[PDB]
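What follows is one structure encoded as structure tokens, with my remarks underneath.
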Amino acid sequence: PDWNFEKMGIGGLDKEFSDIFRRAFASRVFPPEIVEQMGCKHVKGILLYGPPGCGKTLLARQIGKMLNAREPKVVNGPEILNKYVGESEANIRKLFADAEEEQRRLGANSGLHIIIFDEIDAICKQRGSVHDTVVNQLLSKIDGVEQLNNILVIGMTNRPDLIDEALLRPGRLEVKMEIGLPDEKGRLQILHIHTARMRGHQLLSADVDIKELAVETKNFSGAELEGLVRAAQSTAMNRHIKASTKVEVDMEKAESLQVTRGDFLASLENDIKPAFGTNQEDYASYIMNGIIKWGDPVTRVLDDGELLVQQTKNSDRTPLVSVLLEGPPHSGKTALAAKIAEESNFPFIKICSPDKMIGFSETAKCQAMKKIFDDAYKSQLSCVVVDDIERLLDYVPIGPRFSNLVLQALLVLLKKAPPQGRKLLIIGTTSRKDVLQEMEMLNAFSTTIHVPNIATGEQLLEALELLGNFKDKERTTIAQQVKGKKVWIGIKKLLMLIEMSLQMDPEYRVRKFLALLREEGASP
Amino acid sequence: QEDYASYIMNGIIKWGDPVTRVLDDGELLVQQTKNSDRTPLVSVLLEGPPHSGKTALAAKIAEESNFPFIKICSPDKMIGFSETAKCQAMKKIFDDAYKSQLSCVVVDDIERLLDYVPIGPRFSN
Ligand SMILES: Nc1ncnc2c1ncn2[C@@H]1O[C@H](COP(=O)(O)OP(=O)(O)OP(=O)(O)O)[C@@H](O)[C@H]1O
Ligand SMILES: Nc1ncnc2c1ncn2[C@@H]1O[C@H](COP(=O)(O)OP(=O)(O)OP(=O)(O)O)[C@@H](O)[C@H]1O
Ligand SMILES: Nc1ncnc2c1ncn2[C@@H]1O[C@H](COP(=O)(O)OP(=O)(O)O)[C@@H](O)[C@H]1O
Ligand SMILES: [Mg+2]
Ligand SMILES: [Mg+2]
């Protein structure tokens with residue numbers, strides 16, 4: 001009555017198991033006398049959906065085991081498809097032969113047969129963005145003129161909004177469910193289960209706390225914890241063999257192959273890369289030279305970002321926030337966005353950009369953006385960054401010319417609430433405010449911030465001091481010449497100019513740098 | 001009873017007189033469409049400045065009608081669709097509405113259904 005899930009695998013899904021047994025399989029756990037006296041028919045299908053690699057197959061196999069059914073006949077979606085005519089239907093019909101045979105011979109006493117579909121969304125006609133006959137055959141077989149009373153079909157899918165509606169009516173697959181990402185308790189349980197054999201031989205637990213490893217893994221999924229365990233084992237073995245080969249140690253340590261905490265923490269740091277979690281190896285690719293404070297505006301922008309983060313974290317009546325950074329070109333409006341995102345400590349941080357869409361048509365860009373937002377919707381806290389909204393739209397002053405589909409997709413996606421009980425933050429970046437204002441986009445954004453350039457000689461002198469690429473004697477002349485206060489330059493352009501000037505002999509450096517700076521006498 | 005609670009997030013407040021006028025007019029239109037023989041089809045359009053709350057009042061008017069069929073054809077369920085898919089989906093919803101004996105369909109954010117942009121202009125004919 002109270003089930004036995006926790007004993008064998010399926011570490012973190014107790015509540016789901018209780019719910020599923022309470023909801024559907026009520027007539028299979030009753031004295032058949034009363035059930036027959038009432039005349040109630042059993043359920044003939046269920047459906048599970050969620051993120052990949054979260055433990056759906058294990059649940060299906062355990063459900064099959066608990067009901068004391070025959071061996072399941074697993075099947076995969078793409079495998080059931082062919083280019084010839086009337087071949088997919090044969091594959092679909094081939095599954096129920098044993099069920100028909102036992103329904104005929106044994107009459108009304110045969111046992112259960114469970115079929116396990118996978119990627120059921122592959123064979124479906126809803127892809128408006130497939131041989132409709134296939135789903136027609138499946139529905140005819142599951143429910144038709146001839147009735148089967150000893151079957152149970154379990155479905156699996158990653159996208160639950162691509163499923164044909166007719167396949168979800170009562171009498172067919174009619175009990176849905178969601179297996180979500182695990183939490184702390186779950187992570188401790190999965191880790192203990194997987195590690196429970198190694199500690200059997202007392203070759204682990206050498207000052208390695210499972211709870212410590214558990215609070216380190218923030219948004220790890222199921223299979224990735226096992227992958228971390230595997231990688232730690234392999235790395236420790238390699239280290240031990242190398243060390244023993246290096247030194248003529250006695251047999252005492254030659255036998256010792258113990259795994260260490262340092263192995264679990266190095267493998268976590270450098271080997272496993274989460275799919276739904278943070279990613280530290282791409283921030284350096286944007287904020288390369290770091291943030292140097294050259295004036296108040298940097299402090300103002302960072303404080304405003306902190307305030308917005310605090311507003312979005314703890315709040316109610318407003319679960320979606322947006323913001324836009326605007327400024328003249330070469331002002332460094334991507335480094336600041338990256339820094340603001342990093343300083344929030346959110347579990348899921350992502351950075352979309354056009355660098356990974358070279359040559360893509362508009363439709364592919366729409367699909368990629370939709371997938372990124374779908375990933376963002378599967379967590380309790382999120383932060384998405386859009387790099388250059390002008391390049392994503394494919395804008396060009398002549399014409400004007402651009403793509404409307406991507407613009408409509410962005411406009412719709414900037415005003416969509418996440419599923420119940422979750423928060424989201426969006427941070428844009430652009431250098432053309434007027435065009436966006438003409439296109440009505442700026443009305444959608446909740447707020448805006450301004451990123452100015454350098455405008456005073458003292459600011460440039462302080463920037464040069466902080467960067468440290470010129471000496472006092474040269475600094476004197478530079479200050480004398482820049483006292484005129486007529487300066488309009490960007491930090492990136494300043495870096496480029498300095499590196500261009502530093503290429504010649506130590507005599508003409510100041511003169512060349514001054515000439516180049518003077519040539520760039522812009523005037524807003 | 002999930003879409004109506006999904007769209008009316010923070011309820012309906014009585015911040016003035018206009019709310020009452022809007023609700024009364026909606027009630028009168030509903031009553032007209034309930035009892036008549038020469039006017040079997042009725043239409044009404046709500047318009048106003050942006051951020052004025054024109055998707056909550058329509059949802060409330062639809063809910064308070066006690067009709068046996070109600071649907072909301074919002075444009076946020078059709079992200080990335082092509083024109084033909086949009087037409088087919090709208091036709092499906094309306095055709096389903098035809099098979100009942102008393103219904104009410106809500107069309108939300110018309111300008112976003114046409115893909116309008118002041119530059120050009122451009123849209124889907
Ligand atoms: N205080 C600072 N703020 C921003 N960037 C800084 C600062 N100090 C140094 N930098 C450096 O400036 C660069 C930021 O320029 P970035 O590449 O973001 O320009 P951008 O605005 O993206 O240019 P464009 O808009 O033309 O693409 C980085 O290399 C960063 O390390
Ligand atoms: N008297 C009221 N009338 C309308 N909405 C109200 C009222 N009191 C509170 N609200 C709340 O205001 C919000 C309605 O805003 P809504 O999203 O409908 O604006 P909108 O007109 O759709 O904006 P847009 O047209 O730009 O999408 C809801 O949270 C609703 O509960
Ligand atoms: N709750 C869990 N407890 C233990 N291991 C799990 C759990 N969930 C997933 N796994 C691990 O992940 C794998 C199972 O993933 P699977 O059920 O095939 O998911 P999917 O079919 O969605 O890819 C196995 O390696 C299993 O050990
Ligand atoms: Mg940029
Ligand atoms: Mg609206």
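Every chain in the structure tokens has a letter given in the order shown (A, B, ...), and although residue numbers restart at 1 in each chain, ligands are simply numbered from 1 in the order shown.
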
Expected answer as a ChimeraX atom specification: strand (DSSP E) residues in chain B: /B:70-73,104-107

Neighbour list for residue 290 in chain A as a PyMOL selection string, cut-off 10 Å, only C-alpha atoms, skip fewer than 4 positions in-chain: chain A and resi 284+286+335-336+339

Generate a file of the selected residues that holds N, CA and C atoms, formatted as a short mmCIF file (atom, residue, chain, number, x, y, z; two decimals), in the first residue's frame.
data_model
loop_
_atom_site.label_atom_id
_atom_site.label_comp_id
_atom_site.auth_asym_id
_atom_site.auth_seq_id
_atom_site.Cartn_x
_atom_site.Cartn_y
_atom_site.Cartn_z
N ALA A 284 34.96 35.66 -19.10
CA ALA A 284 36.27 36.21 -19.45
C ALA A 284 36.35 36.56 -20.93
N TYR A 286 34.31 38.19 -22.58
CA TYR A 286 33.71 39.50 -22.80
C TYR A 286 34.41 40.58 -21.97
N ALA A 335 30.56 44.88 -21.45
CA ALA A 335 31.27 44.53 -20.23
C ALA A 335 30.44 44.87 -19.00
N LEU A 336 29.80 46.04 -18.99
CA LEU A 336 29.01 46.43 -17.84
C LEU A 336 27.82 45.49 -17.64
N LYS A 339 29.11 42.28 -16.15
CA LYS A 339 29.43 42.45 -14.73
C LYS A 339 28.17 42.48 -13.88
#

Distance filter 6 Å around ligand 3, atoms: only C-alpha atoms and all ligand atoms, out as a list in words: residues 9, 10, 11, 12, 52, 53, 54, 55, 56, 57, 58, 190, 222 and 223 of chain A

Keeping only C-alpha atoms, write those residues as a PDB file, in the first residue's frame.
ATOM      1  CA  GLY A   9      17.123   3.713  -7.264  1.00  0.00           C
ATOM      2  CA  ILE A  10      14.695   6.555  -7.985  1.00  0.00           C
ATOM      3  CA  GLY A  11      16.261   8.430  -5.089  1.00  0.00           C
ATOM      4  CA  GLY A  12      14.627  11.841  -5.321  1.00  0.00           C
ATOM      5  CA  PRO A  52      16.153  15.663 -20.355  1.00  0.00           C
ATOM      6  CA  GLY A  53      18.198  13.395 -18.128  1.00  0.00           C
ATOM      7  CA  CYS A  54      16.058  13.736 -14.997  1.00  0.00           C
ATOM      8  CA  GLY A  55      15.069  10.100 -14.420  1.00  0.00           C
ATOM      9  CA  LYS A  56      11.951   9.231 -16.413  1.00  0.00           C
ATOM     10  CA  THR A  57      12.956   5.773 -17.673  1.00  0.00           C
ATOM     11  CA  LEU A  58      13.723   4.554 -14.152  1.00  0.00           C
ATOM     12  CA  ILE A 190      21.281  10.715  -5.508  1.00  0.00           C
ATOM     13  CA  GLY A 222      20.374  13.658 -12.437  1.00  0.00           C
ATOM     14  CA  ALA A 223      22.904  12.066 -14.774  1.00  0.00           C
TER      15      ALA A 223
END

Test item: residues lying within 6 Å of ligand 4 with only C-alpha atoms and all ligand atoms, as a list in words: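 The distance check yields residues 334, 387 and 388 of chain A.
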
Residue selection dump (N, CA, C and O atoms) as a short mmCIF file (atom, residue, chain, number, x, y, z; two decimals), in the first residue's frame:
data_model
loop_
_atom_site.label_atom_id
_atom_site.label_comp_id
_atom_site.auth_asym_id
_atom_site.auth_seq_id
_atom_site.Cartn_x
_atom_site.Cartn_y
_atom_site.Cartn_z
N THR A 334 28.78 46.26 -23.14
CA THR A 334 28.64 44.82 -22.96
C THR A 334 29.39 44.31 -21.74
O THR A 334 28.88 43.42 -21.05
N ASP A 387 22.82 40.80 -26.53
CA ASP A 387 24.02 41.62 -26.82
C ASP A 387 23.66 42.82 -27.67
O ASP A 387 23.61 43.88 -27.08
N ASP A 388 23.50 42.70 -28.98
CA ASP A 388 23.27 43.89 -29.82
C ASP A 388 21.93 43.73 -30.51
O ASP A 388 21.85 42.98 -31.46
#

Residues flagged alpha helix (DSSP H) by DSSP in range 4-123 of chain B, as a PyMOL selection string: chain B and resi 4-7+18-34+56-63+83-98+110-113

Within 7 Å of chain B: each chain A residue with its shortest pair, only C-alpha atoms, as JSON lines:
{"residue": "A:128", "atom": "CA", "partner": "B:85", "partner_atom": "CA", "distance": 6.1}
{"residue": "A:129", "atom": "CA", "partner": "B:81", "partner_atom": "CA", "distance": 4.9}
{"residue": "A:366", "atom": "CA", "partner": "B:80", "partner_atom": "CA", "distance": 6.5}
{"residue": "A:408", "atom": "CA", "partner": "B:115", "partner_atom": "CA", "distance": 6.8}
{"residue": "A:409", "atom": "CA", "partner": "B:79", "partner_atom": "CA", "distance": 6.2}
{"residue": "A:412", "atom": "CA", "partner": "B:76", "partner_atom": "CA", "distance": 6.3}
{"residue": "A:439", "atom": "CA", "partner": "B:117", "partner_atom": "CA", "distance": 6.4}

Store the residues of this selection in a file with N, CA, C and O atoms, as a PDB file, in the first residue's frame.
ATOM      1  N   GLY A 128       3.603  23.046 -36.732  1.00  0.00           N
ATOM      2  CA  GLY A 128       3.373  24.258 -37.488  1.00  0.00           C
ATOM      3  C   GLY A 128       4.298  25.368 -37.038  1.00  0.00           C
ATOM      4  O   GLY A 128       4.018  26.057 -36.052  1.00  0.00           O
ATOM      5  N   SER A 129       5.406  25.549 -37.749  1.00  0.00           N
ATOM      6  CA  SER A 129       6.403  26.544 -37.374  1.00  0.00           C
ATOM      7  C   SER A 129       7.259  26.934 -38.575  1.00  0.00           C
ATOM      8  O   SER A 129       7.584  26.097 -39.416  1.00  0.00           O
ATOM      9  N   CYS A 366      14.890  32.846 -34.781  1.00  0.00           N
ATOM     10  CA  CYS A 366      13.692  32.754 -33.955  1.00  0.00           C
ATOM     11  C   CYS A 366      13.706  31.479 -33.124  1.00  0.00           C
ATOM     12  O   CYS A 366      13.429  31.504 -31.918  1.00  0.00           O
ATOM     13  N   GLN A 408       8.958  40.873 -34.196  1.00  0.00           N
ATOM     14  CA  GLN A 408       7.704  40.464 -33.571  1.00  0.00           C
ATOM     15  C   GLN A 408       7.950  39.427 -32.485  1.00  0.00           C
ATOM     16  O   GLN A 408       7.315  39.464 -31.422  1.00  0.00           O
ATOM     17  N   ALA A 409       8.870  38.493 -32.729  1.00  0.00           N
ATOM     18  CA  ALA A 409       9.182  37.489 -31.719  1.00  0.00           C
ATOM     19  C   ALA A 409       9.700  38.145 -30.446  1.00  0.00           C
ATOM     20  O   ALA A 409       9.272  37.802 -29.339  1.00  0.00           O
ATOM     21  N   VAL A 412       6.875  40.025 -28.576  1.00  0.00           N
ATOM     22  CA  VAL A 412       5.990  39.121 -27.846  1.00  0.00           C
ATOM     23  C   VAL A 412       6.699  38.535 -26.631  1.00  0.00           C
ATOM     24  O   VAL A 412       6.103  38.405 -25.555  1.00  0.00           O
ATOM     25  N   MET A 439      10.260  52.345 -33.690  1.00  0.00           N
ATOM     26  CA  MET A 439       9.674  51.029 -33.908  1.00  0.00           C
ATOM     27  C   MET A 439       8.818  50.553 -32.740  1.00  0.00           C
ATOM     28  O   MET A 439       8.349  49.411 -32.760  1.00  0.00           O
TER      29      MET A 439
END

For residue 183 in chain A, list every protein, DNA or RNA residue within 10 Å, evaluated using only C-alpha atoms, and leave out those in the same chain fewer than 5 positions away; present the list as a short mmCIF file (atom, residue, chain, number, x, y, z; two decimals) with N, CA, C and O atoms, in the first residue's frame.
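Result file selection37.cif:
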data_model
loop_
_atom_site.label_atom_id
_atom_site.label_comp_id
_atom_site.auth_asym_id
_atom_site.auth_seq_id
_atom_site.Cartn_x
_atom_site.Cartn_y
_atom_site.Cartn_z
N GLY A 12 15.22 10.56 -5.64
CA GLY A 12 14.63 11.84 -5.32
C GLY A 12 13.19 12.06 -5.73
O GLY A 12 12.73 13.21 -5.69
N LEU A 188 21.55 15.29 -2.39
CA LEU A 188 22.25 14.50 -1.35
C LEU A 188 21.86 13.04 -1.55
O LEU A 188 22.77 12.22 -1.68
N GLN A 189 20.57 12.74 -1.74
CA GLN A 189 20.10 11.33 -1.88
C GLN A 189 20.75 10.69 -3.11
O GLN A 189 21.35 9.61 -2.93
N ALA A 214 27.00 18.49 -2.07
CA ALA A 214 25.59 18.75 -2.44
C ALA A 214 25.29 20.25 -2.55
O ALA A 214 24.54 20.61 -3.47
N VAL A 215 25.78 21.09 -1.64
CA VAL A 215 25.39 22.53 -1.70
C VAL A 215 26.25 23.19 -2.76
O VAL A 215 25.94 24.31 -3.13
N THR A 217 26.72 21.82 -5.87
CA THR A 217 25.98 21.59 -7.11
C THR A 217 24.65 22.32 -7.02
O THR A 217 23.73 21.88 -6.32
N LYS A 218 24.53 23.43 -7.75
CA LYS A 218 23.34 24.28 -7.63
C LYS A 218 22.18 23.74 -8.47
O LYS A 218 21.12 23.40 -7.92
N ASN A 219 22.36 23.66 -9.78
CA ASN A 219 21.29 23.29 -10.70
C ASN A 219 21.63 22.03 -11.49
O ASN A 219 21.13 21.82 -12.59
N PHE A 220 22.49 21.18 -10.93
CA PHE A 220 22.84 19.94 -11.60
C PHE A 220 21.61 19.05 -11.76
O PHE A 220 20.73 19.02 -10.90
N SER A 221 21.56 18.33 -12.87
CA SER A 221 20.49 17.39 -13.14
C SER A 221 20.89 16.02 -12.60
O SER A 221 21.89 15.87 -11.89
#

Which residues of chain A come within 8 Å of ligand 1, and what is each one's closest atom pair and distance in Å (one decimal), counting only C-alpha atoms and all ligand atoms, sorted by chain and residue number, as a tab-separated table?
residue	atom	partner	partner_atom_place_in_ligand_line	distance
A:286	CA	ligand 1	28 (C)	6.7
A:287	CA	ligand 1	31 (O)	4.6
A:288	CA	ligand 1	31 (O)	4.7
A:289	CA	ligand 1	31 (O)	3.4
A:290	CA	ligand 1	31 (O)	3.9
A:291	CA	ligand 1	8 (N)	4.0
A:292	CA	ligand 1	8 (N)	4.1
A:293	CA	ligand 1	1 (N)	5.2
A:294	CA	ligand 1	1 (N)	6.4
A:298	CA	ligand 1	1 (N)	6.1
A:328	CA	ligand 1	25 (O)	7.7
A:329	CA	ligand 1	26 (O)	4.9
A:330	CA	ligand 1	23 (O)	4.3
A:331	CA	ligand 1	21 (O)	4.7
A:332	CA	ligand 1	21 (O)	3.3
A:333	CA	ligand 1	21 (O)	4.0
A:334	CA	ligand 1	18 (O)	3.9
A:335	CA	ligand 1	18 (O)	4.4
A:336	CA	ligand 1	4 (C)	5.6
A:388	CA	ligand 1	27 (O)	7.5
A:430	CA	ligand 1	25 (O)	7.2
A:431	CA	ligand 1	25 (O)	6.5
A:491	CA	ligand 1	12 (O)	6.0
A:492	CA	ligand 1	12 (O)	5.3

Could those selected residues go to a file with C-alpha atoms, as an mmCIF file, in the first residue's frame?
data_model
loop_
_atom_site.group_PDB
_atom_site.id
_atom_site.type_symbol
_atom_site.label_atom_id
_atom_site.label_comp_id
_atom_site.auth_asym_id
_atom_site.auth_seq_id
_atom_site.Cartn_x
_atom_site.Cartn_y
_atom_site.Cartn_z
ATOM 1 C CA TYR A 286 33.713 39.504 -22.799
ATOM 2 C CA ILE A 287 35.208 41.359 -19.797
ATOM 3 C CA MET A 288 38.783 40.703 -20.869
ATOM 4 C CA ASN A 289 40.697 43.743 -19.590
ATOM 5 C CA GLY A 290 38.443 44.082 -16.536
ATOM 6 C CA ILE A 291 36.532 47.024 -15.100
ATOM 7 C CA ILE A 292 38.632 50.083 -14.224
ATOM 8 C CA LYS A 293 36.918 52.903 -12.333
ATOM 9 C CA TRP A 294 37.602 56.169 -14.170
ATOM 10 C CA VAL A 298 30.594 53.581 -13.535
ATOM 11 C CA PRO A 328 27.411 56.042 -28.151
ATOM 12 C CA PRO A 329 29.536 53.415 -29.915
ATOM 13 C CA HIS A 330 32.765 52.140 -28.364
ATOM 14 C CA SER A 331 31.516 53.021 -24.875
ATOM 15 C CA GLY A 332 31.783 49.497 -23.456
ATOM 16 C CA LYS A 333 28.123 48.612 -22.893
ATOM 17 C CA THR A 334 28.642 44.824 -22.961
ATOM 18 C CA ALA A 335 31.267 44.530 -20.232
ATOM 19 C CA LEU A 336 29.007 46.426 -17.836
ATOM 20 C CA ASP A 388 23.266 43.893 -29.823
ATOM 21 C CA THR A 430 22.056 48.796 -28.100
ATOM 22 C CA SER A 431 23.654 51.922 -29.555
ATOM 23 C CA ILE A 491 37.435 53.687 -23.689
ATOM 24 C CA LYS A 492 37.895 50.966 -26.318
#

Contacts of range 469-471 of chain A at 9 Å (only C-alpha atoms; same-chain gap of 6+ positions) as a PyMOL selection string: chain A and resi 498+502+510

Same residues, C-alpha atoms, saved as a PDB file, in the first residue's frame:
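Written file, out06.pdb:
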ATOM      1  CA  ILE A 498      47.466  53.721 -26.812  1.00  0.00           C
ATOM      2  CA  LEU A 502      53.286  52.206 -28.156  1.00  0.00           C
ATOM      3  CA  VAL A 510      54.035  61.304 -26.981  1.00  0.00           C
TER       4      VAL A 510
END

Nearby residues (only C-alpha atoms) at most 12 Å from range 277-280 of chain A, same-chain spacing under 5 positions excluded, as number ranges by chain: A: 181, 216-221, 224, 269-270, 272, 285-287, 338, 341-342, 344-351, 375-376, 378-384

Write out the residues from the selection above, keeping C-alpha atoms, as a tab-separated table (two decimals), in the first residue's frame.
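Output saved as out13.tsv:
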chain	number	residue	atom	x	y	z
A	181	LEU	CA	14.89	19.42	-11.62
A	216	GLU	CA	28.11	23.06	-4.30
A	217	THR	CA	25.98	21.59	-7.11
A	218	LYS	CA	23.34	24.28	-7.63
A	219	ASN	CA	21.29	23.29	-10.70
A	220	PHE	CA	22.84	19.94	-11.60
A	221	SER	CA	20.49	17.39	-13.14
A	224	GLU	CA	25.46	14.83	-14.23
A	269	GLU	CA	35.69	22.83	-11.01
A	270	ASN	CA	37.20	21.79	-14.33
A	272	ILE	CA	31.67	18.81	-15.43
A	285	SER	CA	35.57	36.18	-23.20
A	286	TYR	CA	33.71	39.50	-22.80
A	287	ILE	CA	35.21	41.36	-19.80
A	338	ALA	CA	28.21	41.08	-18.07
A	341	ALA	CA	24.75	39.77	-14.48
A	342	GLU	CA	27.70	38.13	-12.72
A	344	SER	CA	23.78	38.77	-8.88
A	345	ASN	CA	24.61	35.20	-7.75
A	346	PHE	CA	21.71	33.80	-9.78
A	347	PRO	CA	21.78	30.06	-10.55
A	348	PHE	CA	21.03	30.33	-14.29
A	349	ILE	CA	22.87	32.98	-16.33
A	350	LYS	CA	22.98	32.96	-20.13
A	351	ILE	CA	24.24	35.36	-22.81
A	375	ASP	CA	15.51	26.85	-21.01
A	376	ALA	CA	15.32	29.99	-18.86
A	378	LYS	CA	12.79	25.90	-16.19
A	379	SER	CA	14.41	27.42	-13.08
A	380	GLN	CA	13.49	29.42	-9.99
A	381	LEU	CA	15.75	32.36	-10.93
A	382	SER	CA	17.10	33.49	-14.28
A	383	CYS	CA	19.01	36.25	-16.04
A	384	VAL	CA	19.18	36.53	-19.85

Best match for closeness to residue 69 in chain B among B:43, B:1, B:52, B:31, counting only C-alpha atoms: B:1

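Proximity to residue 101 in chain B at 12 Å, evaluated using only C-alpha atoms and with sequence-adjacent residues fewer than 6 positions away removed, yields residues 34, 40, 67, 68, 69 and 70 of chain B.
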
Just the selected residues (N, CA and C atoms), exported as a PDB file, in the first residue's frame, please.
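Resulting contents of result-v1.pdb:
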ATOM      1  N   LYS B  34     -28.195  37.713 -25.746  1.00  0.00           N
ATOM      2  CA  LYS B  34     -28.910  36.565 -25.195  1.00  0.00           C
ATOM      3  C   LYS B  34     -30.321  36.436 -25.760  1.00  0.00           C
ATOM      4  N   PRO B  40     -28.399  37.832 -34.603  1.00  0.00           N
ATOM      5  CA  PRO B  40     -27.719  36.669 -34.019  1.00  0.00           C
ATOM      6  C   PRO B  40     -26.218  36.835 -33.850  1.00  0.00           C
ATOM      7  N   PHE B  67     -21.856  32.233 -19.890  1.00  0.00           N
ATOM      8  CA  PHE B  67     -22.031  31.489 -21.125  1.00  0.00           C
ATOM      9  C   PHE B  67     -21.443  30.087 -20.986  1.00  0.00           C
ATOM     10  N   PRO B  68     -21.913  29.131 -21.786  1.00  0.00           N
ATOM     11  CA  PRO B  68     -21.380  27.765 -21.716  1.00  0.00           C
ATOM     12  C   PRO B  68     -20.154  27.501 -22.577  1.00  0.00           C
ATOM     13  N   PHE B  69     -19.663  28.488 -23.323  1.00  0.00           N
ATOM     14  CA  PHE B  69     -18.456  28.322 -24.123  1.00  0.00           C
ATOM     15  C   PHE B  69     -17.697  29.638 -24.126  1.00  0.00           C
ATOM     16  N   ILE B  70     -16.401  29.579 -23.833  1.00  0.00           N
ATOM     17  CA  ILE B  70     -15.560  30.772 -23.797  1.00  0.00           C
ATOM     18  C   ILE B  70     -14.150  30.378 -24.207  1.00  0.00           C
TER      19      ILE B  70
END

Write out as a Markdown table a residue-level contact list of chain B versus ligand 2 with cut-off 12 Å: for each qualifying residue the closest pair of atoms and the distance in Å to one decimal, counting only C-alpha atoms and all ligand atoms, rows sorted by chain and residue number upward.
| residue | atom | partner | partner_atom_place_in_ligand_line | distance |
| --- | --- | --- | --- | --- |
| B:4 | CA | ligand 2 | 31 (O) | 10.5 |
| B:5 | CA | ligand 2 | 31 (O) | 9.4 |
| B:6 | CA | ligand 2 | 29 (O) | 9.7 |
| B:7 | CA | ligand 2 | 28 (C) | 7.0 |
| B:8 | CA | ligand 2 | 31 (O) | 4.5 |
| B:9 | CA | ligand 2 | 31 (O) | 4.6 |
| B:10 | CA | ligand 2 | 31 (O) | 3.7 |
| B:11 | CA | ligand 2 | 31 (O) | 4.2 |
| B:12 | CA | ligand 2 | 8 (N) | 4.1 |
| B:13 | CA | ligand 2 | 8 (N) | 4.1 |
| B:14 | CA | ligand 2 | 1 (N) | 5.6 |
| B:15 | CA | ligand 2 | 1 (N) | 6.3 |
| B:16 | CA | ligand 2 | 1 (N) | 8.3 |
| B:17 | CA | ligand 2 | 1 (N) | 10.0 |
| B:18 | CA | ligand 2 | 1 (N) | 8.9 |
| B:19 | CA | ligand 2 | 1 (N) | 6.2 |
| B:20 | CA | ligand 2 | 1 (N) | 9.3 |
| B:21 | CA | ligand 2 | 1 (N) | 11.6 |
| B:22 | CA | ligand 2 | 3 (N) | 9.9 |
| B:23 | CA | ligand 2 | 1 (N) | 10.3 |
| B:46 | CA | ligand 2 | 21 (O) | 10.0 |
| B:47 | CA | ligand 2 | 21 (O) | 9.1 |
| B:48 | CA | ligand 2 | 21 (O) | 8.1 |
| B:49 | CA | ligand 2 | 21 (O) | 7.8 |
| B:50 | CA | ligand 2 | 26 (O) | 4.9 |
| B:51 | CA | ligand 2 | 23 (O) | 4.1 |
| B:52 | CA | ligand 2 | 21 (O) | 4.6 |
| B:53 | CA | ligand 2 | 18 (O) | 3.4 |
| B:54 | CA | ligand 2 | 21 (O) | 4.1 |
| B:55 | CA | ligand 2 | 18 (O) | 4.0 |
| B:56 | CA | ligand 2 | 18 (O) | 4.5 |
| B:57 | CA | ligand 2 | 4 (C) | 5.5 |
| B:58 | CA | ligand 2 | 18 (O) | 8.7 |
| B:59 | CA | ligand 2 | 18 (O) | 9.0 |
| B:60 | CA | ligand 2 | 4 (C) | 9.2 |
| B:61 | CA | ligand 2 | 3 (N) | 11.3 |
| B:74 | CA | ligand 2 | 27 (O) | 10.9 |
| B:75 | CA | ligand 2 | 27 (O) | 11.1 |
| B:76 | CA | ligand 2 | 27 (O) | 11.1 |
| B:108 | CA | ligand 2 | 22 (O) | 8.7 |
| B:109 | CA | ligand 2 | 25 (O) | 7.0 |
| B:110 | CA | ligand 2 | 25 (O) | 10.2 |
| B:111 | CA | ligand 2 | 25 (O) | 10.2 |
| B:112 | CA | ligand 2 | 27 (O) | 10.1 |

Per residue of chain A within 12 Å of ligand 5, note the shortest atom pair and the distance in Å to one decimal, counting only C-alpha atoms and all ligand atoms, and order the rows by chain and increasing residue number, as a tab-separated table.
residue	atom	partner	partner_atom_place_in_ligand_line	distance
A:412	CA	ligand 5	1 (Mg)	10.8
A:415	CA	ligand 5	1 (Mg)	9.9
A:416	CA	ligand 5	1 (Mg)	11.4
A:444	CA	ligand 5	1 (Mg)	11.9

Within 6 Å of residue 402 in chain A using only C-alpha atoms, minus same-chain residues under 6 positions, as a PyMOL selection string: chain A and resi 393-395

Any chance you can output those residues with N, CA and C atoms as a PDB file, in the first residue's frame?
ATOM      1  N   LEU A 393      18.348  42.336 -35.544  1.00  0.00           N
ATOM      2  CA  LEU A 393      17.285  42.751 -36.448  1.00  0.00           C
ATOM      3  C   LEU A 393      17.755  42.905 -37.888  1.00  0.00           C
ATOM      4  N   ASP A 394      19.064  42.890 -38.135  1.00  0.00           N
ATOM      5  CA  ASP A 394      19.612  43.038 -39.483  1.00  0.00           C
ATOM      6  C   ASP A 394      19.261  44.408 -40.065  1.00  0.00           C
ATOM      7  N   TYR A 395      19.572  45.454 -39.308  1.00  0.00           N
ATOM      8  CA  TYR A 395      19.244  46.815 -39.705  1.00  0.00           C
ATOM      9  C   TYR A 395      20.343  47.408 -40.578  1.00  0.00           C
TER      10      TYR A 395
END

Length of the CA of residue 180 in chain A to CA of residue 422 in chain A vector [Å]: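 Rounded to one decimal, the two atoms are 13.7 Å apart.
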